[PDB]
Amino acid sequence: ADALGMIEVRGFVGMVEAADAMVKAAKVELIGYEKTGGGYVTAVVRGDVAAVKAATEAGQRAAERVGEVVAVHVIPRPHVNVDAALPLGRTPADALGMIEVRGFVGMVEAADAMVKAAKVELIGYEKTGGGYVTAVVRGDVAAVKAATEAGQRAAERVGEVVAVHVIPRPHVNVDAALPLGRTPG
Amino acid sequence: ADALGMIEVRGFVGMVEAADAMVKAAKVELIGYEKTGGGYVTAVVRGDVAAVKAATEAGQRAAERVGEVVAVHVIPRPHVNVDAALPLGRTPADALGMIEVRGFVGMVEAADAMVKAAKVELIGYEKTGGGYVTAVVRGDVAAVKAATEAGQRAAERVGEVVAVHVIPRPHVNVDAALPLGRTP
Amino acid sequence: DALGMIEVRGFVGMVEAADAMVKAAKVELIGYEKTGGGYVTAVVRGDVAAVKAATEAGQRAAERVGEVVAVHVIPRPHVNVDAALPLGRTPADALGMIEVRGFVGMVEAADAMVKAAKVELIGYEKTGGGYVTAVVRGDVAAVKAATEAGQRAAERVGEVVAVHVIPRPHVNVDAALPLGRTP
Amino acid sequence: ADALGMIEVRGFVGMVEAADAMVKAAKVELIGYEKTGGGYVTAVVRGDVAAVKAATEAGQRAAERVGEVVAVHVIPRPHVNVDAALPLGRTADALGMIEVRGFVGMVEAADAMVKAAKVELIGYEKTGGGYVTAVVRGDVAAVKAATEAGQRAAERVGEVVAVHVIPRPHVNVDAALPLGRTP
Amino acid sequence: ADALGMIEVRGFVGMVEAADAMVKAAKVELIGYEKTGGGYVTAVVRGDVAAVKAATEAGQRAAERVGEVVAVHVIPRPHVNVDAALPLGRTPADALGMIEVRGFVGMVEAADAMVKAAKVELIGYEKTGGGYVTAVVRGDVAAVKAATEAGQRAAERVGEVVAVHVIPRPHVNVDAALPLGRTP
């Protein structure tokens, strides 16, 4: 049985940055993310007990710079009954810009100001519940930086901005399990 | 030509951690490292203006956690005379465990405690200058994580420990440009 | 392409700003705009990353000589902006400069420069509001001693604004700016 | 046996200026330099007791204007055992130098020098202890303004140690020091 | 595997005195010395766990008289991986006078005054980095004593004197592992 690592963040942006820091620290597989509602989302990774332990710590320190970290824990050897009843994966590049706003109106204005500021592509939006919505844009590292900065400013005068972050080079394992507009397929 | 990125740290451990965080943060190429003596080393990355500047900000925050950073700067378009006269690369995986001590005695005791803790391989030692030496060990993440914690506790009772860090999966560009015992 | 602008109330501060931009990154100086009253604006264009790195590099060098008014970068300008505004996208000898808010003080400045060493007075630039700039060219040794002697002789006459010397101006500066070395 | 004169400086720039002022003062031969590490370098000259004593005093007065002068001593008649066990030599274009205790500060200084004027960066010298020195050559005027611009850009990066320019270095300096003009 | 004994001293004079006291106290072998730069040098001896411990304490006791004793440690049973990657000696008489100066100019004046004071022979000089240089002379204990005391008084007028020591009868093992002009 592979190890289990989880990071829960009240915010879709903080969970993505946490997932990006975990797959870059050690060799762990990002099986996906669990949405419990009310903005709470949980990134789930699996691998070796030491690789998960190191990635769990590295992801928490990187996620504290963007969003609210709720719980962070590592299970060395999860029971077989846990993997059977819970969606934990083992049940038998382009730059990234993100803006999370507690309000659908504030997220639309943030996305409208991003595609007009620089050469970026709005791949869509993510609903984490509780009124939290996240605009996801992809493009060049110089473009999404100038886009999110212009989008965050234009959105602070409309709604309640939760988190704004830019990932210059997201890992290949992140774009495979997370809906970030670059899923190969 | 390409852009230029440099991070100088008075410590071989803080430079490797900075170089590892840069090649992972953006699309940059680590051409190598420069030793100016007295414990000073400088990691040199190159790429485009946007990626080098975005990788340099990530390498600084990761280096300040371990080593004593000295200088952090980016040059957008270096002159042709600079690339020709300076070694900047444009002249026409196992786990990583490192312990740095300003003293040869403290480094040997730390290296002896690392190989005795778990199954790790002592690839050798790096002499930074000015009494600075760094013991480098490789192996699996389970053994390297426990070897350094046993080596640091046994090295502080001997000499002056500078920095102790562990990299679970170092980037392929790091093992290719730095003498970390895994160069093909 | 991106857009970069630096506005300085002084023709000398704009040339040093434009010279520092094309040397720092890979951008093209499309020209300059004179809005009158001594206000001039250097306009460069390129990619989003290079324009940002060059705009601040030119601002840091322009603050040493002249009064910087505004500095801004537009990442992706709308196509209607480039069609109605002169922003470039529309469908070497040394440099010695002395700017004076007075025509009398500028003539004495230019007279003392050509007498100190062997330089060529290519002409003068009128930026409006009483601001005039004397431009001399030559080797680095001459324009260094010419401007220093011309600065001391001009302060005793008029209101000196700025004095600066660029040893090797970039090839893009002499192409877009009237500095007597246009191919 | 010949006489002996030495000047030790914690700075490669201060040692070169000390060596230049010595061979220009009296009839002495610069036999080379010794690097002891940690930024300490020593200039060694040989000649007659009259020439080595006037050059040593003339090199100390000029070396104090740039870097830290560690020791200065003259030996009139060294023992034969000293010349047998110690490397004491017994058995032009302008010069611009910028020394920084940090490799990053030296690169930014070297980049700003070749961008400011038409000077050639011949390379860099590593004296140990983190001390590195960028060496550029050219004419007396451009290398003067290049080092001034390279020093201004390096202060906002690292620790600048010494900055100096030599108009016409002696032929004995270029023959014993790796300054890019060695025959 | 033989025992490991190391004594690190920021000064070449203190390292030679510590090495001379180790081979005379117990039955150990001096494999050599390690130079890490910045004036730091490490004397490495090897023998049994008891002889190394007794000689190491005797070396530190004599090294505290001249120079900075940085680190002192004894590894009883060193791992075979340490001896493979580190130069620790296990891999597959006339009087002595020394004057250490943090300055090349003061070291030359000290060496010149020594050979002129008494009948001694200047064998050479050792560079330990960081500006530290050590002049070494050999001869009779009467002449070496009179030479070092005259060279120190002349060297203090020039540079920074670090340490001055005289060994009347250095052990034969010291002259074989250290560059002191009397190597067979």
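Asks: Hey, could you go over the domain arrangement of chain C for me, with residue numbers and the actual values?
Replies: Residues and elements named next belong to chain C. According to the domain assignment, chain C consists of domain 1 (1–91) and domain 2 (92–183). Each of domain 1 and domain 2 has a C-alpha centre, and the two are 22 Å apart. Contacts between the two partners involve 24 residues from domain 1, matched on the other side by 25 residues from domain 2. Applying the counting rule to domain 1 against domain 2 returns 1 salt bridge. One salt bridge connects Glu125 with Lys34, and the closest N-O pair in it is separated by 3.2 Å. The interface formed by domain 1 and domain 2 includes 12 residue pairs in polar contact. Elements represented by at least two residues in the side of domain 1 that touches domain 2 include exactly α1 (11–24), β2 (28–36) and β3 (39–46).

Asks: Any chance you could break down the pattern of salt bridges for me, citing the residues and the numbers?
Replies: Throughout the structure, instances matching the rule amount to 56 salt bridges over all chains. The residue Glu120 of chain C makes a salt bridge to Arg181 of chain C at a minimum N-O spacing of 3.0 Å. One end of the pair, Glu120 of chain C, is in strand β6 (residues 120–128); the other, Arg181 of chain C, is in the segment after α6 (171–176), with 61 residues separating them in the sequence. The exposure class of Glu120 of chain C is partly exposed, given its relative accessible area of 42%. Given a relative accessible area of 26%, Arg181 of chain C falls into the partly exposed group. A single salt-bridge network, built from bridges that share partners, covers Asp2, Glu29 and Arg90 of chain A.

Asks: Explain the sheet that holds β2 of chain C to me, using residue names and the numbers behind them.
Replies: The strands making up a sheet are joined through hydrogen bonds of the backbone, oriented either antiparallel or parallel. Residues and elements named next belong to chain C. Within the open sheet, the 4 strands sit side by side as β2-β3-β1-β4. Their pairing is antiparallel. Both edges of this open sheet fall to β2 and β4 (68–74), since each of them pairs with a single strand only. Each adjacent strand pair in this sheet contributes to an overall mean axis angle of 15°, direction not counted. Note: strand β1 (residues 2–9) against β4, 6 bridges, orientation antiparallel. Bridge assignment links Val8 to a residue of β4, and that residue is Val68. On top of the sheet, α1 reaches β1, β2 and β3; it is set at about 10° to β3, its chief contact. Its contacts with the sheet place helix α2 (residues 48–62) against β1, β3 and β4, and it is angled at close to 10° to β1.

Asks: Provide a residue-level description of the nonpolar core, including the pertinent values.
Replies: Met114 and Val120 of chain A, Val16, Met22 and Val28 of chain B together with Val15 and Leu179 of chain C are the most contacted members of the largest nonpolar core, which has 87 residues in total. Each residue touching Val16 of chain B, except ones within four places of it in the same chain, is listed here: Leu96, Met98, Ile167, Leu178 and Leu180 of chain B. Listed in part, the 64 residues of the second largest apolar core include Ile7, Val52 and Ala55 of chain A together with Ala110 of chain B.

About the thresholds
- Residues numbered from 1 in each chain as written, not as in the entry; some residues may be left out.
- Chains lettered and ligands numbered in written order.
- Part of a larger assembly, values for the part shown.
- Heavy atoms only, no water.
- Domains from an automatic or database assignment.
- Contact = heavy atoms within 4.5 Å.
- Salt bridge = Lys/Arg side-chain N within 4 Å of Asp/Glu carboxyl O.
- Polar contact = N/O pair within 3.5 Å; in protein donor to acceptor, adjacent residues only side chain to side chain.
- Helix = DSSP H or I, 4+ residues; strand = E, 2+ residues; numbered from the N terminus.
- Buried < 20%, exposed > 50% of the residue type's maximum accessible area, 1.4 Å probe, protein only.
- Pairing = 2+ DSSP bridges.
- Axes fitted to C-alpha atoms, helices over the stretch in contact; angles between N-to-C directions.
- Core = buried A, V, L, I, M, F, W, Y, C linked by side-chain atoms within 4.5 Å.

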